[PDB]
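Overview (structure and organization)
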Amino acid sequence: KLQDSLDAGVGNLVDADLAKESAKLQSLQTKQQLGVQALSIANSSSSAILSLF
Amino acid sequence: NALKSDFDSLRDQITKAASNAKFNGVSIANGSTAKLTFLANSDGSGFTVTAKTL
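Residues numbered from 1 in each chain as written, not as in the entry; some residues may be left out. Chains lettered and ligands numbered in written order. Part of a larger assembly, values for the part shown. Heavy atoms only, no water.

Per the deposited record, the coordinates in this entry were obtained by cryo-EM to a resolution of 3.13 Å.

Shown next, in the form of structure tokens:
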């Protein structure tokens, strides 16, 4: 019983809550995709200069 | 004499089970300290667990 209790204690200390991890995962992937689109829009900014000439 | 030896053996088992009950070097039940105070809020106020000597 002592070994079981010490194992459960270390398990409370180190273990991750997988459900919150999956939620963070979906939010982070969507954030990354929108960030890539923002970087593309930022790269496109220089194009306006050419039409001046 | 047999019953007395049985009684002493059970007593020694109590001392062993009580002294061995630790987690991470501290114990709420071996009587080694008056109380144990855990964090309770971001301000630093502490939750208080008064010790109980088994």
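**Digging into the overall build of chain B**
Put simply, the test is: Put simply, DSSP H or I for four residues or longer makes a helix, DSSP E for two residues or longer makes a strand, and each gets a number counted from the N terminus. In this treatment the radius of gyration is a C-alpha quantity, and the globule benchmark scales as 2.2 Å times the residue count to the 0.38 power. The classification of residues rests on relative accessible area computed with a 1.4 Å probe and restricted to protein chains. Under 20% of the type maximum is buried, over 50% is exposed, and intermediate values are partly exposed. By definition in these notes, contact holds between two residues if any of their heavy atoms fall within 4.5 Å. Here, Shrake-Rupley sampling with a 1.4 Å probe gives the accessible areas, and only protein chains in the shown set may cover a residue.
When its secondary structure is counted, chain B shows 1 helix and 2 strands. Mapped in sequence order, the helices and strands of chain B form the string α-β-β. Its C-alpha atoms give chain B a radius of gyration of 17 Å, more than 25% over the compact-globule value 10 Å for 54 residues. A principal-axis box enclosing the C-alpha atoms of chain B has dimensions of 60 × 20 × 10 Å. Each of the 54 residues in chain B was classed as buried or not, and the buried ones make up 11%. Here the contacts in chain B between residues at least 6 apart in sequence split such that 11% fall between residues at least 24 apart. Working note: accessible area of chain B is about 4500 Å², and carbon and sulfur atoms make up 58% of it.

**Notes on the overall build of chain A**
Going by this rule: Here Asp and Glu are counted as negative and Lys and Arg as positive; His is not counted, and neither are the chain ends. Taken as the charge centre is NZ of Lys, CZ of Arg, CG of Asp or CD of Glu, depending on the residue.
Broken down by element type, chain A carries 2 helices and 0 strands. Whereas a compact globule of 53 residues would reach a radius of gyration of roughly 10 Å, chain A reaches 24 Å, over 25% beyond that. Referenced to the eigenvectors of the C-alpha coordinate spread, the extents of chain A come out at roughly 80 × 15 × 5 Å. Accessible area for chain A stands at about 5000 Å²; split by element, carbon and sulfur atoms hold 62% of it. Of note, chain A has its 4 positive side-chain charges centred 11 Å away from the centre of its 5 negative side-chain charges.

**So, the pairing of strand β1 (residues 35-39) of chain B**
Looking along a regular strand, one sees the side chains alternate between the two faces of the sheet. Residue and element names in this part refer to chain B. Short version of the rule: When DSSP finds at least two bridges between two strands, those strands are taken to pair.
When β1 meets strand β2 (residues 46-50), the two strands line up antiparallel, connected through 5 bridges. Across the sheet, residue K35 finds its bridge partner in β2, namely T50. The turn joining β1 and β2, which pair antiparallel and follow one another in sequence, is formed by 6 residues; a positive phi near 105 degrees is taken by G44.

**Comments concerning a nonpolar patch on the surface**
Selection criterion: Candidate patch residues must exceed 30% relative accessible area and have no salt bridge, after which like charges are joined if within 9 Å and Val, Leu, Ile, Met, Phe, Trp or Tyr side chains if within 5 Å. Here, a salt bridge means any side-chain nitrogen of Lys or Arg that lies within 4 Å of a carboxyl oxygen of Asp or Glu.
On the surface, a cluster of nonpolar side chains totalling about 550 Å² of accessible area is made up of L2(A), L6(A), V10(A), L13(A), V14(A) and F23(B). The exposure class assigned to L2(A) is partly exposed, which follows from its relative accessible area of 43%.

**Thoughts on the pattern of salt bridges**
Residue and element names in this part refer to chain B. Overall, the coordinates contain 3 salt bridges over all chains when judged by the stated rule. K4 is paired through a salt bridge with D8; the nearest N and O atoms lie 3.1 Å apart. One end of the pair is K4 and the other is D8, both in helix α1 (residues 2-19) and 4 residues apart, which spans about a single turn. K4 gets classed as exposed once you look at its relative accessible area, which sits at 55%. With a closest N to O distance of 3.1 Å, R11 and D8 form a salt bridge. Placement of the pair is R11 and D8 together in helix α1, with a separation of 3 residues, close to one helical turn. We classify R11 as partly exposed; its relative accessible area is 42%. Each of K4, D8, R11 and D12 takes part in a single network of salt bridges with overlapping partners.

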